[PDB]
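Okay, so here's just one chain, in structure tokens, the form deposited in one PDB entry.
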């Protein structure tokens, strides 16, 4: 179950910045929980019900995506400045930095796991949505919004990871 996996692999200091996967699941339960029956109501009532829900669901996806994009960017900026600082310390003095560079590297990897966990959570939640509502709107949303999101498409952390490896190896 991805809700458990996500819980176990969140970086605790970043907890509130991850996709709120369990809240989405609950919302997708509520969509079925409040759904009128076409036999008791009619066709227009039911599909108008689902239309309101879809507006709410994808507005919530957008807020979660903006939060994740914003946090990813902030940690990426912080990592760029942290690399420059460690660059001068080595560019002048030439075992403390072997530890300090190792901990910066760990920080890059933790951010990389943050990218992957959030993408998987989005991918799984939108597939769950599509199977429940018998629609492809969630998959279409993933392609048009998540897969072109900076938190996911930006390659500057990969660049940092490579450059830090080149510093640790050649210095």
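We call the rigid core the largest set of C-alpha positions that still match within 1.5 Å between the two forms. Numbering follows the first chain given and starts at 1. Only residues modelled in both forms are compared.
What comes next is about the form deposited in another entry, which is not displayed.
Once both forms are overlaid on the rigid core, the distance between the two CA positions of residue 166 between this form and the one not shown is 2 angstroms or more.
With the core superposed, residue 157 shows a C-alpha displacement of at least 2 Å between this form and the one not shown. Legend note: Cα of residue 145 to Cα of residue 159 is at least 3 Å closer in that other deposited form than in the depicted form. If you compare C-alpha positions, residue 156 and residue 86 are 3 angstroms or more farther apart in that other deposited form than in the form on display.
Core-superposed comparison between this form and the one not shown: residues with C-alpha shifts of 2 Å or more form runs of three or more at 96-100, 155-171.
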